[PDB]
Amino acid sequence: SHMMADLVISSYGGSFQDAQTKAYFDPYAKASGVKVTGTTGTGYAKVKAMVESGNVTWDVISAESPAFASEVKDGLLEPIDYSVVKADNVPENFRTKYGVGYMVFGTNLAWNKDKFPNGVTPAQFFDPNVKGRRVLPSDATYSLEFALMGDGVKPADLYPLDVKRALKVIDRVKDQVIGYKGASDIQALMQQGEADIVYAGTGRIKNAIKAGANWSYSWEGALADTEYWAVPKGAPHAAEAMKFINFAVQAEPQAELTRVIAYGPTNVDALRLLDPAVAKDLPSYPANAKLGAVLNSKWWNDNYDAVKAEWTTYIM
């Protein structure tokens, strides 16, 4: 097998995609001689539509664990070729039949420092007396766990999610929620000063700060999740996709990703390559982990369809 066209990788755009281009896409292109083209739009609904039409234009996707669970459940993915993906320094739990866990990321409460000098706690985010333009994630995933922790549900007691309660909690501040947005849209709103309080990926928050946004954040009520490399069923360059995944999950590219954006590696040999201070900005850091929870992809696997049908009518 050899690439005669570009290898198309679907991700989330903005600063995270810039980080993937710098750590993974351009280094892979240089190492292999493959032309690599990053695109946006990754998500369960789009992967489903594309795979079922038989018009697969994405060779690799980046999938968050609930989207990945739905994709696996619908048989939308090629099994990973582990004769090609060789990464024994990536723990076996991340090397799944249909995807390779390559990143651990937190989703955190962040606030504009000038609007909130004393910060914002998850309880304050869901307090109608606290005035501020709020932005929640675009889907029910992450949003529901945040609402529940904001309402005093202990991280250890999160799952099974009390969906009715979570929606009643969001109801308290719904009139102050300006949007249910994707990661790139949230970072843009922070930088432009069009939002005052958000729930977003740590890397997006810290990149907005790097760009001059006077915002702060905390690990209180944060939700950690795993991101996977997967290959849509019927991907025209499925074998080439395996070679990219193999390259990308090695210690050095994984370290280059965490160098540019505050998301964590799955490769155990990546952290010794990085500044020891990066550890403290990751979900696995014990002082951080105790203040939030880890997304339960088994619960989402079993409840996503029911939650989605409700969420759509809820935001509309």
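Sequential numbering from 1, following the sequence displayed.
- Taking the PDB entry as given, 54 to 62 carries the higher mean Cα B factor of the two stretches 54 to 62 and 248 to 256.
- Higher average CA B factor: 166 to 174, of the stretches 137 to 145 and 166 to 174.
- Out of 182, 106, 193, 122, the entry records its largest CA B-factor for 193.
- Among 115, 206, 95, 243, the highest C-alpha B-factor recorded in the PDB entry belongs to 115.
- In the PDB entry, a CA B factor belonging to the middle third of its chain's modelled residues is recorded for residue 216.
- Sorting the modelled residues of the chain by their CA temperature factor places residue 74 in the highest third.
- Split the chain's modelled residues into thirds by C-alpha temperature factor. Residue 7 is in the middle one.
- In this PDB entry, residue 150 carries a Cα temperature factor that places it within the middle third of its chain's modelled residues.
- Sorting the modelled residues of the chain by their CA temperature factor places residue 29 in the lowest third.
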